[PDB]
Amino acid sequence: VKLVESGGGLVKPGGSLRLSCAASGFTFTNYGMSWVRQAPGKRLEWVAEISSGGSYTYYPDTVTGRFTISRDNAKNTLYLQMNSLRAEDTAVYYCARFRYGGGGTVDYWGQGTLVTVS
Amino acid sequence: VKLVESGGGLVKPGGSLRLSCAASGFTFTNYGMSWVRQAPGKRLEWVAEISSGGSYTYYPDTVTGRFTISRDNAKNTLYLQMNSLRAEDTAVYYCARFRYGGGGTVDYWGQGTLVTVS
Amino acid sequence: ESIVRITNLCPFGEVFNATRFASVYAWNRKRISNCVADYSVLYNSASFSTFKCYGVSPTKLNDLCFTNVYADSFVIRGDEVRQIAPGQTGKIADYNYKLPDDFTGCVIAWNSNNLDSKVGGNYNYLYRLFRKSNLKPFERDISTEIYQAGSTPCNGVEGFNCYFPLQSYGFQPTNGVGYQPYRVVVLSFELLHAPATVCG
Amino acid sequence: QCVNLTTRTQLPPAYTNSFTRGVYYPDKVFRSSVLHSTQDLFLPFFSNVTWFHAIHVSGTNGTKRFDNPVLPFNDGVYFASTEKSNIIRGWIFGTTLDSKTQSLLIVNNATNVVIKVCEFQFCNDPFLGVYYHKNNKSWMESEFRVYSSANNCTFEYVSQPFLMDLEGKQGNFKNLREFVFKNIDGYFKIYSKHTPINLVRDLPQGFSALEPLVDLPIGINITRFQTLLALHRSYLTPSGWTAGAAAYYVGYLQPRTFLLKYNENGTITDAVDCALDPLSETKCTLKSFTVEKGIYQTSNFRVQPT
Amino acid sequence: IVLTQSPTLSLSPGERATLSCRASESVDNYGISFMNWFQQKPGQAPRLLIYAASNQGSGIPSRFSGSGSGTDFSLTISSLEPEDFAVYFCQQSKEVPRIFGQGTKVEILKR
Amino acid sequence: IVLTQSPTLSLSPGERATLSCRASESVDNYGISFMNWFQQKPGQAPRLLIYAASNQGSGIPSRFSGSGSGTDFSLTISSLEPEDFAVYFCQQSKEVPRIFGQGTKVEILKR
């Protein structure tokens, strides 16, 4: 349904920024979750991932994200702990909820996340 | 399993009508049953309600037209004497058969009965 | 005190630890005989996500001796695992795999999402979308003839109101737990009235 | 495969008399110098036993006679052979001798006998073919000259070879080899023995004790069978077949009550059938092999109705 | 009491058919399992679907599944068929002459 | 893989908006149904439009409809509205981290 995210905060580049994604309205187990950045002037770049059964933590080979996703099904909470922070990490990350097996699919997402490293 | 009922029956209006329903394939004595009428433009009305070990002889608040149910266990036949024949009395009078292991419920149903007065 | 006084090992390991498994539409049947069977270790480990026996107890199985043990292994989605039960109607029961109501068996399911699921999806696994008649219990059908849902004959070619009997399975990590594949093993026991090839 | 050479031959089955023979141990229980009595399937003494020949040269030149029939199992089966040079390997035991039933296929090898309980297709003239591989210079055994199909198989097992040679003896042993086959209660059990014999063909007066080899879950009724053979190929001479000569002994089992005399080491020597003669039935009453001078009352007789 | 159902569905094969059985006054059961589901083939004797909405089995194909929530009962048919749809019913129980459901029928397009 | 989209549209209400999702390398799916469509309201969380371009439903208004052809996916909005246009996306799947559309926005004149 909806997601509660970890909002705007600033770090210097080079650290590790934990995110958090709270699940409001659905069963957090049964849904692959993710974190996807929209930076300004950037197309959405699918970054962070988790499966619904075990841990997949899939990230794009491009430049390694080094993100540390976990799940707490008691919290229904997805995290994004982004290791090796950089200034480019400044973006709008979207922890997103995958739908049932299909063409994609991502029906519900977070409200958008302010994340700034500069 | 199989239910056979006295079909096409017409009597003078405001009178009474004996139905019948030969319970075939099983024991009428062991399996309680009831009478269900259907009126066009209306849902299945619950009329005569009888017990397996006894006679509940229950008529609904809606149509309390003396639904005298007879439990002929020797003939294995569910009988009915709907008094005050009327347009509401005209209906598809299928018999019934409460499931041996159901929360409510009716498992076997009479095929249907041509029943009318006009 | 009381004095009670392994060797042969029933080959459950091939059945429970294989990278790829026979599809539900066509499943290999394996007979386990002339070996010593211990089910206590399988239950104690609890490696499988769910250990289920409809009419038997897992601790009792190792003590009990079944002369013939039959293992049916296939990969199906978690929702399909719920459908597969003796005495329960299921979409799988109607088409690819049928369970006899009289027969009593142990169905053990463990998540295969980590290996079986692929981002592309695994088309090696396959299921029967439709069949003209319900399959006989403990039997499989390899027919590829188009199912004739329409009154007009399919004629062996795809057509409106004609649906291919077999549809390839699609398994992905982002799929839901019910959508995600679960490896399932069904056990059939000859039990008494037979020479005891297997002794507990 | 299913290459076949019936070569049917006439003449009556040459019979013989098993004097004291076919006494196995019908239990694992160790007993010492006692007289034990059970009524079980055996080959009763002084019995009629067919000295059959799988391959039989009757000399003019050559003339090898392949006679070995499919034989019913009946109640139980006894078997005996000498075969200084082995030509015999196993038996086809089954019912249909085909699919639709299981099949008991005993194959002896160079050297791992692979007992097989399966569903086969046995040919019209089954036997194990042997040839020369030319690769590693080894004589292989073509096993599908016996049976075409091997599938559905229910059971498989391997053990140390039951058939075994010693030789170097230029005869004087003949390595008389006996095998008893009894199918009961889901356990078809195999028995064996190896004995020297100096006689030309037939059996001596000695007792042969047969231990159970393996007690296996078989669960099939076997009503008929035939033996197996090992033959080979020859090359141009005025194809080659029927290596050496082959003959063996067969007799059928039967329920009988034997008194069993174990030794101090549990080696049964003297066994006595009770029903053999009116004299043998009294020794079963005293349980003793020594019968003291006197009169003893054996079981009663009745006249029976016409 | 008195119940209502979702009036109709118009759908296609291979789809889910969600049918409410909406009861006035009481909600389901104190034993927490009641109401029902029933189908009547058109011009034919009614037939059971599910009793207490959670339940049954053989004679009721697997495409019938579901539950009920308070008053509301979910008659849920995944994978619709143009052959298999007919007016659907539920029952109240535990109060009043048990009575019956909206009747409800799921149409199927692609015809 | 990598995809492209039709860059933009500048249009008027009551019109069709045809948006290509043009994928490099692979074309759609071996199961013949893949890619996607997505919309991001400006300064707002992205949102699904269509998955496998053929599909979805509620939450995605009827003005979103279309298909895709090989690599190309058609995001087709008939009857445009000046309220309803926002940057549109698609996704690849089945290869690579599934990425997304480079984004596309349909302007509307008559303002």
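Note that the chains are named A, B, C, D, E and F in the order they appear, and that numbering of residues resets to 1 at the start of each chain.
Here, a contact is a pair of C-beta atoms (placed from the backbone, for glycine too) under 8 Å apart; a residue touches a chain by one contact, two chains touch by 3 or more.
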Centre-most chain, if every chain is reduced to its averaged C-alpha atoms: C
Rounded Å distance, chain A centre to chain E centre (Cα mean): 41
Separation of chain A from chain B, taking each centre as the mean of its C-alpha atoms, in whole Å: 64
Centroid distance [mean C-alpha coordinates] between chain D and chain C, Å: 45
Approximate Å spacing (C-alpha centroids) for the pair chain A, chain F: 22
Where chain E touches two or more other chains, by residue: none
Chain A: positions in contact with at least two other chains: 49, 58
Per-residue multi-chain contacts in chain D, two or more chains: none
All chain pairs that touch each other: A-C, A-F, B-E, C-D, C-E, C-F
Contact footprint of chain D on chain C as seen in their complex: 31, 33-34, 67, 194-197
Chain A residues within the chain F interface of the complex: 36, 38, 43-47, 49, 58-62, 94, 99, 102-107, 109-112
Residue ranges of chain E in contact with chain C within the complex: 57-58, 60-63, 79
Complex contacts: residues of chain E adjacent to chain B: 33-36, 38, 40, 44-48, 51-52, 55-56, 59, 89, 91, 93, 96-103
Complex interface listing, chain D residues touching chain C: 154-155, 157, 185-187, 216-219
